[PDB]
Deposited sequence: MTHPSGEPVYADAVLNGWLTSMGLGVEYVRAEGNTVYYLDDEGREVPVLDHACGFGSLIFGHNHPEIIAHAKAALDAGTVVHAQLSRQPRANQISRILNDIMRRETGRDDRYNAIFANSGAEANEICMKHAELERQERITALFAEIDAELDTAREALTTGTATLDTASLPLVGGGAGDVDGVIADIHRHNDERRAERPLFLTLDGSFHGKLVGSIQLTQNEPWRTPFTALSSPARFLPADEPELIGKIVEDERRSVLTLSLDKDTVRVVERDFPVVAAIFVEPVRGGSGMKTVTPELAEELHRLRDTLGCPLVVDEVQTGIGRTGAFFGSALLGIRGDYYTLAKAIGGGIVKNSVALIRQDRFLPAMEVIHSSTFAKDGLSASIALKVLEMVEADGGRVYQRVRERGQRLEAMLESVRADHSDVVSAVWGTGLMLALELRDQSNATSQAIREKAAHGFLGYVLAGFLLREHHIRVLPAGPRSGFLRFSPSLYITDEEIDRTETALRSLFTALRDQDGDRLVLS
């Protein structure tokens, strides 16, 4: 209509036209409820689950009860600049878990924040502290090399070689200082994988491939180079083209030369163990070895974003441990809030950790007492009974993956693949840009196909699926570890129904 609206007009307009215009009024385990026209609750199976936030489902009774107990105990939520031992206690548990799963006896400092993106930006900031340490060291050495060369050229023990000048003593040194100062002030680069998703704040958005989400904001912040994960022979040459030089004077016996030395341009490499923005593709061993090489070569940290793959989703606590990704920094977020509060953590290896970070970084809401308590509960639950929860994820993941595989095998004309691991899975949809049906074709063309297919699943089978990937070309399946055999069977029926409709090009049934 034409009445005043104060939020979400465009978002709601667009959700309605996709068939996703529903208000969920209540949620319990793997079920969200909307009201029909008569005001009765209609149960919907949730495969989205806060984009993998709800490993234990919606409003887990043990988490709700813990939260209520912490509220009634008068938990100190706001205790800024006082002792909060729970931060140390959480970091200790995460350290013990990482040692168990990797067999490495490595120690990590924890910095807390309020979202996945804030945790990735603590890592970007710390990576840049490390880069400024390397730069200070390099520039101190260059000053000493310049002083030494200036001794040998004035004293008279050496001659300037004029073949090097395409890069008078005092004038050449001032031209070097100018060149070097320009280089020093240039923005660094981050390296990501193609399809990368690392958040949407001013810094983190540059690390997210999705072109409409990022390219309006290019001018604001340091960019990333999106390395091709599938073609990792081309990564070496792409990173090689980003080499940059500072100048110094090199004294060898009686000849002084202007020479190029390497400048640290790359602040950090980011990687998701399972690539959310890419349709849940797992990092292959070949790509892991290439990211290890780049980290060893450039001397910048490798940051492992486990915002989505952490707290058990993959069948281990850390998906990095499962896939052999050997990171310097790790980030966690989604499941650590128990599906009720907001919390995130950067783990930074203690032998790289710059203690200035503990006093120059802060946030009003970070390390709050309520999300600290709930974190310790979530970690108790995921660790309980000698790690049977991870075994439950692996066994539920296998059941759900096998079902999605059984559907692909009979629907390979519209389903190109199953991707992911544990309970972080996706179907890849074949391109429908040449679809017989105009309505399907137009939606594929605008990048809206997955959204439309999700509407079908909602209105005809009462199943909530959300798409992933850049043109909604993937369907996400990230339910809780309590997903039942009967819910997996109902999803199978729904998907055969959906993919039979798609084979038949039934635009009247699929598109509203």
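- Unmodelled segments of the deposited chain, in sequence order: 1 to 4, 172 to 177, 523.
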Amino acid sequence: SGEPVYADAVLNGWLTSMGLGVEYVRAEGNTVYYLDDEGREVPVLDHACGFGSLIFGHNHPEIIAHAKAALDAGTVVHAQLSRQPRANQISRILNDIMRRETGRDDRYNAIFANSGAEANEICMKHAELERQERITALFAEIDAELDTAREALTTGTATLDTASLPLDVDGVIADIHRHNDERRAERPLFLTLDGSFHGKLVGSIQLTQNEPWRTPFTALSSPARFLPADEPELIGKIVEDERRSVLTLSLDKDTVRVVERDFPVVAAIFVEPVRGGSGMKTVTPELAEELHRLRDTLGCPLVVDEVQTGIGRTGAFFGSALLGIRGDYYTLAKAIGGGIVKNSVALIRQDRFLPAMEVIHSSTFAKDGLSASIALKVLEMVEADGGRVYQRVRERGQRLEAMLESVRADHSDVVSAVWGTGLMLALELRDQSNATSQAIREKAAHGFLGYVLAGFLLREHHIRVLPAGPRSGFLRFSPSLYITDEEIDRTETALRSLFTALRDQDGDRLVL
From here on, numbers count along this sequence of modelled residues.
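For the two forms, the rigid core is made up of the largest set of C-alpha atoms that agree within 1.5 Å on superposition.
- Using the rigid core as the fitting frame, the root mean square C-alpha deviation in 8 other deposited structures of this protein is greater for 157 to 165 than for the other of 336 to 344 and 157 to 165.
- Between stretches 310 to 318 and 410 to 418, the one whose Cα atoms sit farther from the displayed model in 8 other deposited structures of this protein on average is 310 to 318 (core-aligned, root mean square).
- Legend: mean Cα B-factor per stretch from the PDB entry, 338 to 346 versus 206 to 214; the higher mean is in 206 to 214.
- Looking at mean Cα B-factors across 383 to 391 and 194 to 202, the upper value is held by 383 to 391.
- Each of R326, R178, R184, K125 has a CA temperature factor in the record; the biggest one is found at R178.
- Of the candidates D305, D72, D254, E290, it is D254 whose Cα B-factor is highest according to the PDB record.
- In this PDB entry, the Cα temperature factor of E240 sits in the top third of its chain's modelled residues, the highest group.
- Ranked by C-alpha B-factor against the other modelled residues of its chain, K443 falls in the highest third.
- When the modelled residues of the chain are ordered by C-alpha B-factor, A454 sits in the lowest third.
- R275 sits in the middle third of its chain by CA B factor, as recorded in the PDB entry.
- In the deposited entry, the Cα temperature factor of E41 sits in the top third of values across the chain's modelled residues.
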